[PDB]
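Structure first, then comments.
Positions of Cβ are backbone-derived with ideal geometry, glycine not excepted, and every protein chain shown enters the neighbour counts. Please treat every number below as a calculation from the coordinates, not as lab data.
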Amino acid sequence: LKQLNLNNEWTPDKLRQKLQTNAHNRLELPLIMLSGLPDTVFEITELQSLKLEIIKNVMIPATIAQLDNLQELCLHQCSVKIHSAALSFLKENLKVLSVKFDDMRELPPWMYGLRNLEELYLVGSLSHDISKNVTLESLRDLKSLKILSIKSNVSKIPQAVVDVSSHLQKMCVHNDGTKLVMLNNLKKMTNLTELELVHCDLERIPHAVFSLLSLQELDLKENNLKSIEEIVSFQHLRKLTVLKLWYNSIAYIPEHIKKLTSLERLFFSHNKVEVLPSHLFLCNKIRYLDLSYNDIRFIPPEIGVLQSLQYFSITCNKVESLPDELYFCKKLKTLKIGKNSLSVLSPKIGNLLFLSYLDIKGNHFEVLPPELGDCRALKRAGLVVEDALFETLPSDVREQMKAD
Amino acid sequence: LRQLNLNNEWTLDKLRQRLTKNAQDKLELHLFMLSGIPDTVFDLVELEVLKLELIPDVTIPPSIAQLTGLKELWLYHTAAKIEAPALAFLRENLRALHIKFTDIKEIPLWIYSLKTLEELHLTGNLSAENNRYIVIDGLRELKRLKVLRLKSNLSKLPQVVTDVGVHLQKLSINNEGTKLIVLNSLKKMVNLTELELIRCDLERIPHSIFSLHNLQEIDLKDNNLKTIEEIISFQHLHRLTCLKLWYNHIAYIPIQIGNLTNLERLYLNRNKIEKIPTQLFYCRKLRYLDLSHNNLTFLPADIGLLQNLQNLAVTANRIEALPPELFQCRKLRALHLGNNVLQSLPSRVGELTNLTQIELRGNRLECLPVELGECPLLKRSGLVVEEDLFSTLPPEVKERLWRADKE
Amino acid sequence: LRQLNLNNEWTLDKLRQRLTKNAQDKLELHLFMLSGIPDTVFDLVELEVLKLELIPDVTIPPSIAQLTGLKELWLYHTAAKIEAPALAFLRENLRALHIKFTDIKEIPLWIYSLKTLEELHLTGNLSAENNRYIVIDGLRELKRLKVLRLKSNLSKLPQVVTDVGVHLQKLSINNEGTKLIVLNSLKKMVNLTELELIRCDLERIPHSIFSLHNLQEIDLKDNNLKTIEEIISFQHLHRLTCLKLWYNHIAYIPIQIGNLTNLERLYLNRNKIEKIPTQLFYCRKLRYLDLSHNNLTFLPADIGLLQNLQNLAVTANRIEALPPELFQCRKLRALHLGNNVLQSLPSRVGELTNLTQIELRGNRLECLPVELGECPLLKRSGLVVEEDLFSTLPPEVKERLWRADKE
């Protein structure tokens, strides 16, 4: 009778007008605060995703076979059951899953029965009894799983992660203040390319992270790293181009970063570094160098080697003296020096032909020079300056960036 | 008693709030799972399209004389009996009838008496033993029929449409997996401007489309077209402007498509094409080049020659880098670059002005360049992108785009 | 009790509520599906068109003599009973009378004694078995009748119609998909000044049309004419001011039709005309013109010859530009040029200050030229311009347009 009232209450017109898009650019139905699924859901055969939010004890019929365009499910606090032919259809059709489990029962055991799974987002609150999860160890059934984002307290890395060592390409954990241990599993990653260990309570770089051999993007955000020392073996990560180590407590960068000559994306913002090293600038391949909100006192003059640097965010730092060697590098496109400790701006800035971003807000300046008109790629919307200093510019210099 | 009560409960104001609008911008009313049809529905005057779905054995009252704006009668699984004055009114007013039925006896027999009807949508199997097109042999009585949609699993195309197609202008046949033995029978059917053979499993383009000359919109969706080499003869079709060769098994494009200079929309999406020959890029009249969900790995620079291109949708491809010549065409209105492997989007997109919606979410895009904010008509609804990718733009440029969302 | 109850139902206030106006700008009162006629509806002296649609058991009391402006009686499916004083009142005020009937069942009998009316309409099948046009034999006493319009799906031309039509001025024949066998019997119909043949599906012009020197309007709409080879015999006539060959399939219009100088209005829209010849536009006094929904690939030379025109309909064809040919015309007021492939509007259209309307429902314009800002006479409600196209005008020009919309 509840199912009949559900079919009467939610006409197909109401579900059609409920239709919208999700964060993955798919047609998603955000079914929120309901008793079950209506039978008029499956009349919208063009649907590509359903967001089920707090809809418990739901039994999915076989009529889901009409959802040919369906490739994603997002289960938010839903203890959902499925029927056998529907299970087979979603085994042969589904690609993306995202299940949140405020309670353990809200995580369904049926969802691991598929094999066409590519992307999984295992947000929730996992218990510390992680190795006991045979439901987790069923990810070996998935023969295409490449994205695995577990937003839960993952103290010990599961052997479920061991069973998906090869096919995985993106590995994301938000451990939320729990130390990540049992490193041999992350040693067993063979073909993993993106390791996203966000806030795994790592007191330093784990030896497991360093036993990776095919990594391309490493993120240790909100992990209280003490040092970057083992780098004599980062040379085996020639496939690595992205190093994400910001919002951390690192205080220095030794010369060892010279081992990786394929490093492009470097993140060291919001760190405890008080003086930028010159041997960091010795590497010239680095194109993205992020050091915003740091404690940097000054920039050594070896930064002229960093010609390929297209991003040098030194904004909101303690930097008082900026050397002229940085202005020799003309490829720097996104440069932010806002809220810094500078006194005057360098007149020689016109050699930066490719310079879209310039941010100088908050920093104390005496007089804006006319040489700010010398920048070619600069834009008035791209040149974030106060209105008072916008007044302190020549009218031709105003129009140089104001008129497109 | 049920009919009278249904007339009583379905009040006028609740019907007014029940009124909606369709894709054709006509006032609409969907009657789904009722005992009969309310007379207060028939009291309406502003209604244009009434939708009769799952109505068991109802009779149309003559109060349809009030429904003057009524032009589209939508019959879904509805066995309708008809009153004679209402029959005359529908003969002189009703112009579009869609009939879906599960049994060949469910179709009303008074649809042949309609004379002002031009659009017919016979969805549901017309092919049955001794009822194979003999039931619809009365569409010879139909004279002004121009649109004839047939989602009916037809094994062979009827002889009755060969008789009727002198005046027919659109033939949308959906067999849902049954091949047509066309036998070049469209030669007597000379007035078609559109032909939509969808889900027919043809596996080859027949020659009946080639014998015709008046076609301007050709759709061959889901016909399992492995090879499309016949298109060299399509220069004979001097009026074609929309060659919708999508949802097929097309793995390559022959160079003779360069002879097709009259194409304006070339819908090749959801195909297996891996390389675009440059001869396809000769056609200056292409406006909607949708090559999404395909195997393209690179985009040729000759796309800059296609100045009339507006919506280039290469969604879910293998294109790693956009050439600068792509931004040579200044008429790009909707650059659907989503789900691709675009490493970085060049700043030349700041030169584009007609861009209204660009899709970059799901790419390998490292950061969003500042010049993307130079497009005037672009807004947040148009600029769909990941939030962290949005954060890479300057907060003044982000303020400009957030204002375009606001203003 | 029944009359009192229906009197309490329909008071004078609700009658003024239901009062509308028709296409003739006359006061109409749509009375539909009433068990009886009201008396308050005859109390209102303002009423001019008394509408009686599908009202059974009709017995009109002499209070219809209370009506002052009663010149129209739109009785549809109504069996009217009228007493002798009310009939005599009808014999001095009633002028126009429309009948909708199902054969002999719903045909009134008092209409023959009416000898002072001037207009009459009929609708309903008449060619019954053993009763071939025998029910309309009593219309001989009507001497002041001037307008007779028929829509009665006639399989053959009634001889009674030919005998009756001696005192006729306007006659329209609608067969809704039936052959009309004139058989040169319209030679007696010398007094006809407008001959409408709507959906006569003739496919040939009858030779009796070439004998009447009073016809100013010839209407052959939806006659499925493909090759007009009978206009050479139209040269004998010197009265036809407007030919109506629209909603047909005329592939080409021959040269000889350019010899008709008296033609002033060409309705040829929704036809199969590929190229309209310049010699045809030697007649420059073409005030009205309808050429929409056609296959014209360019607007030809002798449109420059045209000078005494007021509109051209160029909707839905293959014309790319407004050439100097349309620009040598200095009296055009409405441009029906929508959903076209018109590339641009050149400059001189910005001199056309007397521009009532333009139609641009999907046209391919780059932008409205600043010369259109030269005319404040064209207002935002006056012209029909797409919102994205309209916004490209300067902010001063757009503000002036909204101002003139208010002003």
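Within the range A:213-263, which residues are under 17 Å from A:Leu195 (Cβ atoms), of a type in the set (A, V, I, L, M) and either free of Cβ contacts under 8 Å to residues at least 12 places away in the same chain or out of contact with any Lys or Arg (no Cβ under 8 Å at 6 or more places or on another chain) (or both)?
Scanning the range A:213-263 gives A:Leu213, A:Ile228, A:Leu237, A:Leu240.
Applying the selection to the range A:20-47, what residues are within 12 Å of chain B (Cβ to nearest Cβ), surrounded by 18 or more Cβ atoms within 10 Å (Cβ to Cβ) and touching a helix residue (DSSP H, G or I) at 6+ places or on another chain (Cβ under 7 Å)?
If the condition is that a residue be within 12 Å of chain B (Cβ to nearest Cβ), surrounded by 18 or more Cβ atoms within 10 Å (Cβ to Cβ) and touching a helix residue (DSSP H, G or I) at 6+ places or on another chain (Cβ under 7 Å), then A:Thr40 is the only one that fits.
Taking the conditions exactly as written (exposed (fewer than 15 other Cβ atoms within 10 Å of the Cβ) and either free of Cβ contacts under 8 Å to residues at least 40 places away in the same chain or part of a loop (DSSP other than H, G, I, E, B) (or both)), does C:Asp302 satisfy them or not?
No, not satisfied.
Only one residue in A:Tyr252, A:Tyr247 is in a loop (DSSP other than H, G, I, E, B), aromatic (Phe, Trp, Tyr) and at negative phi, so which one is that?
Answer to the selection: A:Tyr252.
Residues checked against (1) surrounded by 15 or more Cβ atoms within 10 Å (Cβ to Cβ); (2) under 32 Å from the mean Cα position of the chain (by Cα); (3) within 22 Å of B:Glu374 (Cα to Cα):
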{"position": "A:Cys329", "(1), (2), (3)": "yes, yes, no"}
{"position": "A:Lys336", "(1), (2), (3)": "yes, yes, yes"}
{"position": "A:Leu352", "(1), (2), (3)": "yes, yes, yes"}
{"position": "A:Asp359", "(1), (2), (3)": "yes, yes, yes"}
{"position": "A:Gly362", "(1), (2), (3)": "no, yes, no"}
{"position": "A:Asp404", "(1), (2), (3)": "no, no, yes"}
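Could you list, ordered by first residue, the pairs with Cβ atoms under 9 Å in which the first is in the range A:43-60 and acidic (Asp, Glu) and the second is assigned to a loop (DSSP other than H, G, I, E, B) and crowded, with 16+ Cβ neighbours inside 10 Å, at least 6 apart or interchain?
Correct list of pairs: A:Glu46/A:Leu67; A:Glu53/A:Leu34; A:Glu53/A:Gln77; A:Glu53/A:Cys78.
Mind checking which residues of the range B:81-107 are under 23 Å from B:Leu47 (Cα atoms) and either within 11 Å of another protein chain (Cβ to nearest Cβ) or over 27 Å from the mean Cα position of the chain (by Cα) (or both)?
B:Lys81, B:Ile82, B:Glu83, B:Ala84, B:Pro85, B:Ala86, B:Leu87, B:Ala88, B:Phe89, B:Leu90, B:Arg91, B:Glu92
I'd like the full set of residues that are under 24 Å from B:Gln307 (Cβ atoms) and either touching a residue at least 60 places away in the same chain (Cβ under 8 Å) or crowded, with 19+ Cβ neighbours inside 10 Å (or both), limited to the range C:350-364.
Within the range C:350-364, C:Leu360, C:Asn363 qualify.
For the range B:388-406, give me each residue that is within 11 Å of chain A (Cβ to nearest Cβ) and either part of a helix (DSSP H, G or I) or touching a residue at least 40 places away in the same chain (Cβ under 8 Å) (or both).
B:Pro395, B:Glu396, B:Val397, B:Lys398, B:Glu399, B:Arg400, B:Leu401, B:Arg403
Go through (1) surrounded by fewer than 16 Cβ atoms within 10 Å (Cβ to Cβ); (2) in contact with an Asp or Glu (Cβ under 7 Å, 6 or more places away or on another chain) for A:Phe267 and report which single condition fails.
(1)
Can you say whether A:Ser346 is among the hydroxyl-bearing types (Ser, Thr, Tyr), in contact with a helix residue (DSSP H, G or I) (Cβ under 6 Å, 6 or more places away or on another chain) and within 11 Å of chain B (Cβ to nearest Cβ), as far as the supplied structure shows?
In short, no.
Could you list, in sequence order, all residues of the range C:1-29 that are in contact with a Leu (Cβ under 7 Å, 6 or more places away or on another chain) and not hydrophobic (A, V, I, L, M, F, W, C)?
C:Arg18, C:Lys21
Just to be sure, is A:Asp201 touching a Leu at 6+ places or on another chain (Cβ under 7 Å) and of a type outside the set (A, V, I, L, M, F, W, C)?
Answer is yes for this residue.
For the range B:358-387, give me the residue count where each residue is of a type in the set (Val, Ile, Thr) and away from every other protein chain (no Cβ under 11 Å).
1
Of (1) within 14 Å of chain C (Cβ to nearest Cβ); (2) more than 24 Å from B:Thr11 (Cα to Cα), B:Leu44 satisfies all except one. Which?
Just one mismatch for B:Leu44, condition (2).
Between A:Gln17, A:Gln66, which is surrounded by fewer than 17 Cβ atoms within 10 Å (Cβ to Cβ), within 14 Å of chain B (Cβ to nearest Cβ) and free of Cβ contacts under 8 Å to residues at least 24 places away in the same chain?
A:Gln17
Can you tell me which of (1) surrounded by 21 or more Cβ atoms within 10 Å (Cβ to Cβ); (2) part of a helix (DSSP H, G or I) is the one B:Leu148 doesn't meet?
The failed condition is (2).
Go over the candidates A:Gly382, A:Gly362 one by one and state the one that is touching a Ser or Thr at 6+ places or on another chain (Cβ under 6 Å), within 14 Å of chain B (Cβ to nearest Cβ) and not aliphatic (A, V, I, L, M).
Testing whether each residue is touching a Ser or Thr at 6+ places or on another chain (Cβ under 6 Å), within 14 Å of chain B (Cβ to nearest Cβ) and not aliphatic (A, V, I, L, M) leaves just A:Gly382.
Yes/no matrix, rows are residues, columns are (1) within 28 Å of C:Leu126 (Cα to Cα); (2) in contact with a helix residue (DSSP H, G or I) (Cβ under 7 Å, 6 or more places away or on another chain):
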{"site": "C:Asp25", "(1), (2)": "no, no"}
{"site": "C:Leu31", "(1), (2)": "yes, yes"}
{"site": "C:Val58", "(1), (2)": "yes, no"}
{"site": "C:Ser63", "(1), (2)": "no, yes"}
{"site": "C:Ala84", "(1), (2)": "no, no"}
{"site": "C:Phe89", "(1), (2)": "no, yes"}
{"site": "C:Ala96", "(1), (2)": "yes, no"}
{"site": "C:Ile99", "(1), (2)": "yes, no"}
{"site": "C:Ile104", "(1), (2)": "yes, no"}
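Which one of B:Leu332, B:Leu355, B:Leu309, B:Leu326 is more than 14 Å from chain A (Cβ to nearest Cβ), hydrophobic (A, V, I, L, M, F, W, C), in contact with a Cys (Cβ under 9 Å, 6 or more places away or on another chain) and farther than 30 Å from A:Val385 by Cβ?
That would be B:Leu309, the only listed residue that is more than 14 Å from chain A (Cβ to nearest Cβ), hydrophobic (A, V, I, L, M, F, W, C), in contact with a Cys (Cβ under 9 Å, 6 or more places away or on another chain) and farther than 30 Å from A:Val385 by Cβ.
For the list (1) without any contact (Cβ under 8 Å) to a residue 40 or more places away in the chain; (2) under 18 Å from A:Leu117 (Cβ atoms), I need the number of the one condition that A:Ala85 fails.
It is condition (2) that A:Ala85 fails.
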